[PDB]
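Each remark here refers to the structure printed beneath this line.
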Amino acid sequence: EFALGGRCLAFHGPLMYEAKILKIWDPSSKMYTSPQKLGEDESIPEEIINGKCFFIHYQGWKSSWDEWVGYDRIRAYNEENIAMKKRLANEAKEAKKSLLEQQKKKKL
DNA sequence: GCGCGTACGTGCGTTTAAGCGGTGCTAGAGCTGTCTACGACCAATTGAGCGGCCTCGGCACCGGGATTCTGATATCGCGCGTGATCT
């Protein structure tokens, strides 16, 4: 499902975004395939370094926002995941509309 | 000044082709030599162009008249609203 250079979805806040995998980290043998060992200037977060994490560059966002990803924050870019990302988007939009309506009512 | 709506701007992704480096080919721009005929120069002269004067008629002036025409009001017609009568 998670192929090097492939497409996927990711967790960031309450809304999902499309991302492309640039590197994949194997913790058992401790290197990433883009087998290249950890660089001095490259650091993987400790919370996910022990697990197989993924370097992903997200679509619709500049190149200088990419970072490493564990299993939890990422998902396969399938029809179910696409629909659920859309659902999260509509939920956020409705929540914002409800908040602004509540503020307007309070002001009155 | 206010309100709407939409159409550029900003940004990210994908695609295109500009750009650079390299080599080949030959077309034409440049240069050189030679030669001829075209133009400047000169002299003579006569005729086309210019200054001037005269005659006249095209057009500027002035007066009277016809014609738009611009603006308002009003009349008449059409449409909308209110009242009265019929179903």
Side-chain angles (χ1 to χ4, degrees):
Chain A
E1 297 188 352
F2 290 9
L4 181 44
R7 92 298 157 255
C8 76
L9 293 194
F11 277 90
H12 257 270
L15 303 180
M16 309 301 69
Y17 326 109
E18 210 294 281
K20 257 195 273 145
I21 297 90
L22 302 192
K23 318 180 181 165
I24 305 177
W25 165 262
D26 175 26
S28 291
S29 39
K30 237 55 187 172
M31 90 320 299
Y32 26 79
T33 57
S34 63
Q36 298 172 11
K37 208 44 162 208
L38 194 70
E40 296 182 353
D41 306 328
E42 292 192 4
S43 71
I44 297 176
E46 298 177 355
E47 304 176 3
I48 62 177
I49 194 170
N50 290 324
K52 169 173 182 178
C53 49
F54 333 116
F55 201 133
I56 63 172
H57 162 290
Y58 321 77
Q59 285 260 130
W61 290 83
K62 214 170 290 158
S63 74
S64 83
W65 275 46
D66 315 349
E67 41 99 347
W68 281 91
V69 172
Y71 325 117
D72 62 311
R73 150 250 308 270
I74 189 172
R75 313 191 328 242
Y77 179 85
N78 55 19
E79 57 274 38
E80 160 271 299
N81 283 313
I82 294 161
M84 151 175 169
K85 159 179 167 185
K86 292 174 181 176
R87 192 273 332 287
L88 285 168
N90 332 97
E91 275 187 355
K93 162 264 161 184
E94 287 179 1
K96 190 172 180 173
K97 298 321 105 186
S98 183
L99 185 65
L100 81 90
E101 197 181 325
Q102 284 180 14
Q103 286 182 10
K104 283 183 177 185
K105 283 179 185 165
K106 276 191 174 183
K107 281 195 175 188
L108 261 81

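Values below: every heavy atom of this structure, side chains too, minus hydrogens, waters and symmetry copies. In what follows, every chain begins at residue 1, and chains take the letters A, B, ... in the order their sequences are listed.
- Residues A:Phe2 and A:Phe54 place their aromatic rings such that the two centres sit under 6.0 Å apart.
- Atom-to-atom, NZ of A:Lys62 to P of B:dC12 comes out at 5 Å; the value is rounded to the nearest Å.
- Atom CD in A:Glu18 sits about 16 Å away from atom P in B:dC12, given to the nearest Å.
- Straight-line distance from the CH2 atom of A:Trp61 to the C1' atom of B:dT10: 14 Å, rounded to whole Å.
- In this structure, A:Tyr77 OH and A:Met16 CE are separated by 14.0 Å, a value rounded to the nearest 0.5 Å.
- With rounding to whole Å, A:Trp65 atom CH2 is found 13 Å from B:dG13 atom P.
- Partners of A:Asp66 according to the side-chain hydrogen bond (donor to acceptor under 3.5 Å, both in side chains) rule, which considers only residues two or more places apart in sequence or in another chain, do not exist here.
- For the pair A:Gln59 CD and B:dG11 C1', the interatomic distance rounds to 13 Å; values are reported in whole Å.
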